[PDB]
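Here is the structure we will look at.
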Amino acid sequence: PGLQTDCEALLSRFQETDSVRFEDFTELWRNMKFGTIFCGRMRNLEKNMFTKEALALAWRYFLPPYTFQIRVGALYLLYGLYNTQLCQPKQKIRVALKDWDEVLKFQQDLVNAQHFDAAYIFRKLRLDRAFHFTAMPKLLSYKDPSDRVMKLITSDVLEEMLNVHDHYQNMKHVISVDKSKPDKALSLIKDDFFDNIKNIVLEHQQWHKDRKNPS
Amino acid sequence: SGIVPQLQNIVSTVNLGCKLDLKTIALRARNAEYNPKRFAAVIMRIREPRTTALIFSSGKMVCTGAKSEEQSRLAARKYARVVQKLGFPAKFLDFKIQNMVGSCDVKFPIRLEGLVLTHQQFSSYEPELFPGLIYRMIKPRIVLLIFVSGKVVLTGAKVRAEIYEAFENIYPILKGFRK
Amino acid sequence: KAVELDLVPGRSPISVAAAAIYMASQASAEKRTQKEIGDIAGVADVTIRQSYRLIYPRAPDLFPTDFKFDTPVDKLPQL
Amino acid sequence: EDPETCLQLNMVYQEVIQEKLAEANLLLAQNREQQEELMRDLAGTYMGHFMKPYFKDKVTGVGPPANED
Amino acid sequence: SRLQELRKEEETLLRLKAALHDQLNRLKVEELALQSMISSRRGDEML
């Protein structure tokens with residue numbers, strides 16, 4: 001009933017600061033006053049139902065393809081929520097088998113990437129046993145995207161391309177008898193291929209821009 | 001070419017040379033049907049050649065549904081012996097084929113509009129009547145139903161060689177319009 | 001564009017047009033139901049549904065570039 | 001000095017670019033698997049079809065015969 | 001929305017694969033040229 005809105009608002013406010021410091025999250029929590037998000041007259045059933053839903057929401061936010069900043073924000077969100085309930089049986093987080101296999105290497109990277117704040121948050125959430133390890137997610141009866149383009153073309157990718165291109169240029173300058181006569185059958189390589197890839201990626205990005213740009 | 005058309009249906013006729021009662025045949029034949037209020041003939045189906053014979057009071061029979069010239073003749077002879085057994089002087093006169101439907105697939109979707117614009121004098125393609133193009137070949141008089149999936153249904157023939165000739169003629173013309 | 005892209009092969013041109021009108025109608029303020037478009041087009045709403053379902057996947061490509069979407073192409077009606 | 005260096009350098013370049021295709025084709029296979037999953041979602045019983053006659057026929061609508069129990 | 005994002009990524013990676021496959025085809029043409037030239041050159045000292 002609108003909880004998704006405030007959760008997304010907190011996630012956005014956190015990813016805008018571009019922080020992994022749980023102190024910024026604590027300040028955003030104190031400002032948005034999430035200490036009240038559960039507070040209110042509920043008997044027991046609406047209470048734990050809404051808590052279940054909020055935890056499931058924060059978890060599904062935690063998963064890919066959401067951004068690393070968004071993922072760490074959702075992790076801090078899960079931490080705050082689960083650690084802030086009113087029901088005596090602190091509802092657990094529903095964790096799948098498929099998603100656990102990736103949360104493993106995500107925690108490993110967090111340790112590796114010197115993000116010890118989120119790493120300690122996750123180790124704590126495991127230590128207090130906040131996880132119900134289910135088979136299929138939630139139950140069973142009856143977005144901030146991750147662009148593949150940047151996975152294909154990076155600044156490092158284009159940089160390596162241009163390095164090897166200039167290397168091949170300087171090398172085909174030398175390997176022949178002279179430096180000024182390239183054979184007709186030895187001039188086919190495009191020197192603008194790098195430029196063509198830049199053009200493709202920039203036209204895609206400006207397409208996305210005018211997609212978000214209204215008119 | 002490379003694709004041979006598979007026959008699917010063969011309408012042949014035969015003359016028994018003796019008038020019949022349809023009531024008698026219908027009441028005394030195994031798999032006969034006869035409702036004169038809807039059609040004046042006896043519809044006798046048999047399983048092994050899997051054929052449907054229409055038998056008429058005049059003594060003329062038409063065997064449809066067999067997928068071979070020999071098979072059609074054999075089904076006709078079966079129905080002839082059947083009528084002979086029911087107490088009539090059946091005979092076997094001018095057994096003559098009258099149609100052979102063939103069907104084949106060329107394995108590529110075709111652009112119809114190109115074809116109808118190319119052979120407007122032949123093709124009659126109206127997708128709000130029948131979603132296939134109808135190419136009326138002239139050298140052999142065979143009507144070819146051509147569809148967007150590549151299925152070609154040749155019909156109107158009088159011998160297998162005619163379907164083969166017609167399909168070989170029509171093959172490159174379709175090859176030219178592979179979508 | 002749908003015919004050129006061959007997204008509706010073998011479909012009757014009236015069925016394609018009715019589906020296109022439904023797609024364009026649903027993407028603008030003036031929204032018409034399948035029954036409304038079928039009555040004028042003479043096409044059963046089932047036929048409009050089938051033709052529309054074939055061109056729905058590539059909806060953004062078919063629409064004109066300078067089209068003001070009252071309803072975003074992403075939120076086009078489920079069918 | 002000798003094309004042999006050209007041979008080995010082109011071998012290593014082909015190796016790296018082929019590894020790039022390996023990764024890219026795995027991505028393509030994953031994307032096509034996702035597309036197939038979405039199509040089957042479009043092509044995906046109601047728990048009403050599993051009431052008292054839980055074993056309904058496909059050529060008919062009647063269930064199994066009554067049980068000796 | 002996810003469908004269109006996935007399909008555009010699919011087209012992106014198809015175009016990248018097409019370009020790189022042209023690259024490999026021309027690279028293998030160069031490789032065959034190298035093989036022929038090295039055979040011819042090494043044939044000059046076997047005399």
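Quick note on naming: the chains in the structure tokens go A, B, ... in the order shown, residues restart at 1 in each chain, and ligands are numbered from 1 in order of appearance.
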Next item on the list: For chain D, work out the contacting residues on chain E at 10 Å, counting only C-alpha atoms, and write them as a list in words.
Entry: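 In the required form, that comes to residues 3, 6, 7, 9, 10, 11, 13, 14, 16, 17, 20, 21, 23, 24, 27, 28, 30, 31, 34, 35, 37, 38 and 41 of chain E.
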Check: What residues in chain D have any atom no more than 8 Å from chain A when counting only C-alpha atoms, and can you write them as number ranges by chain?
Finding: D: 1, 46-47
Write the selection just made, keeping N, CA, C and O atoms, as a PDB file, in the first residue's frame?
ATOM      1  N   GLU D   1      61.358  -9.330 -39.456  1.00  0.00           N
ATOM      2  CA  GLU D   1      62.546 -10.121 -39.750  1.00  0.00           C
ATOM      3  C   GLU D   1      62.159 -11.465 -40.364  1.00  0.00           C
ATOM      4  O   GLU D   1      62.829 -11.959 -41.270  1.00  0.00           O
ATOM      5  N   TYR D  46      -6.044 -24.601 -13.856  1.00  0.00           N
ATOM      6  CA  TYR D  46      -6.521 -23.564 -12.945  1.00  0.00           C
ATOM      7  C   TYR D  46      -6.779 -24.029 -11.522  1.00  0.00           C
ATOM      8  O   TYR D  46      -7.272 -23.223 -10.728  1.00  0.00           O
ATOM      9  N   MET D  47      -6.515 -25.293 -11.177  1.00  0.00           N
ATOM     10  CA  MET D  47      -6.890 -25.900  -9.903  1.00  0.00           C
ATOM     11  C   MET D  47      -8.400 -26.064  -9.815  1.00  0.00           C
ATOM     12  O   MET D  47      -8.920 -26.593  -8.828  1.00  0.00           O
TER      13      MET D  47
END
Check: Quick one: of B:133, B:163, B:154, B:174, who's nearest to chain C, counting only C-alpha atoms?
Finding: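 Answer, going by the shortest atom-to-atom distance: B:133.
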Note to self: Which residues are close to range 134-149 of chain B, i.e. within 12 Å by only C-alpha atoms, leaving aside same-chain residues fewer than 5 positions away? Reply as an NGL selection string.
What the structure shows: (:B and (5 or 99-116 or 118-127 or 129 or 154-171 or 173-174 or 177-179)) or (:C and (6 or 8-12))
Check: Which neighbours of residue 18 in chain C fall inside 12 Å, counting only C-alpha atoms, when residues of the same chain fewer than 4 positions from it are skipped, and could you give them as a ChimeraX atom specification?
Finding: /C:11-14,22-25,32-52,55
Check: Which residue gives the smallest distance to chain E among C:2, C:73, C:54, C:27, with only C-alpha atoms counted?
Finding: C:73
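Picture a line from CA of residue 26 in chain E to CA of residue 8 in chain D; it runs 16.7 Å.
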Checklist line | Residue contacts of range 15-26 of chain B (12 Å, only C-alpha atoms) excluding same-chain residues fewer than 2 positions away, as a PyMOL selection string | finding: chain B and resi 12-13+28-36+39-45+54-63+76-77+79-96
Next item on the list: Please measure the separation of CA of residue 16 in chain A and CA of residue 98 in chain A, giving the value in Å to one decimal.
Entry: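 So the two atoms, CA of residue 16 in chain A and CA of residue 98 in chain A, lie 29.5 Å apart.
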Can you list, as a short mmCIF file (atom, residue, chain, number, x, y, z; two decimals) with N, CA and C atoms, in the first residue's frame, every protein, DNA or RNA residue that comes within 10 Å of residue 96 in chain A when you count only C-alpha atoms, leaving out same-chain residues fewer than 5 positions away?
data_model
loop_
_atom_site.label_atom_id
_atom_site.label_comp_id
_atom_site.auth_asym_id
_atom_site.auth_seq_id
_atom_site.Cartn_x
_atom_site.Cartn_y
_atom_site.Cartn_z
N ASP A 101 23.42 -18.51 -4.46
CA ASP A 101 24.65 -18.79 -5.18
C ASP A 101 25.31 -17.53 -5.72
N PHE A 131 17.46 -15.55 7.95
CA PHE A 131 17.19 -16.13 6.64
C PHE A 131 16.36 -17.40 6.77
N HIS A 132 15.22 -17.43 6.10
CA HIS A 132 14.51 -18.66 5.81
C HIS A 132 14.92 -19.09 4.41
N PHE A 133 15.67 -20.18 4.33
CA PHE A 133 16.23 -20.66 3.07
C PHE A 133 15.19 -21.52 2.38
N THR A 134 14.47 -20.94 1.43
CA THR A 134 13.37 -21.62 0.78
C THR A 134 13.87 -22.25 -0.51
N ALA A 135 12.95 -22.94 -1.18
CA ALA A 135 13.27 -23.59 -2.43
C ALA A 135 12.89 -22.52 -3.41
N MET A 136 11.64 -22.51 -3.86
CA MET A 136 11.25 -21.44 -4.77
C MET A 136 10.91 -20.22 -3.91
N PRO A 137 11.20 -19.03 -4.44
CA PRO A 137 11.11 -17.70 -3.82
C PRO A 137 9.71 -17.43 -3.30
N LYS A 138 9.62 -16.76 -2.15
CA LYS A 138 8.35 -16.46 -1.48
C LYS A 138 7.62 -17.78 -1.37
#
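Near chain E, within 9 Å and using only C-alpha atoms, the residues of chain C are residues 57, 58, 60, 73, 74 and 75 of chain C.
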Next item on the list: Report as an NGL selection string the set of chain C residues whose atoms approach chain A to within 10 Å, with distances computed over only C-alpha atoms.
Entry: :C and (66-69)
Those same residues - C-alpha atoms - I'd like them written as a short mmCIF file (atom, residue, chain, number, x, y, z; two decimals), in the first residue's frame.
data_model
loop_
_atom_site.label_atom_id
_atom_site.label_comp_id
_atom_site.auth_asym_id
_atom_site.auth_seq_id
_atom_site.Cartn_x
_atom_site.Cartn_y
_atom_site.Cartn_z
CA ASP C 66 7.67 11.94 -33.78
CA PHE C 67 4.64 10.41 -32.04
CA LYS C 68 3.42 11.78 -28.70
CA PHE C 69 2.56 8.72 -26.61
#
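Interatomic distance, CA of residue 10 in chain A to CA of residue 28 in chain A: 7.2 Å.
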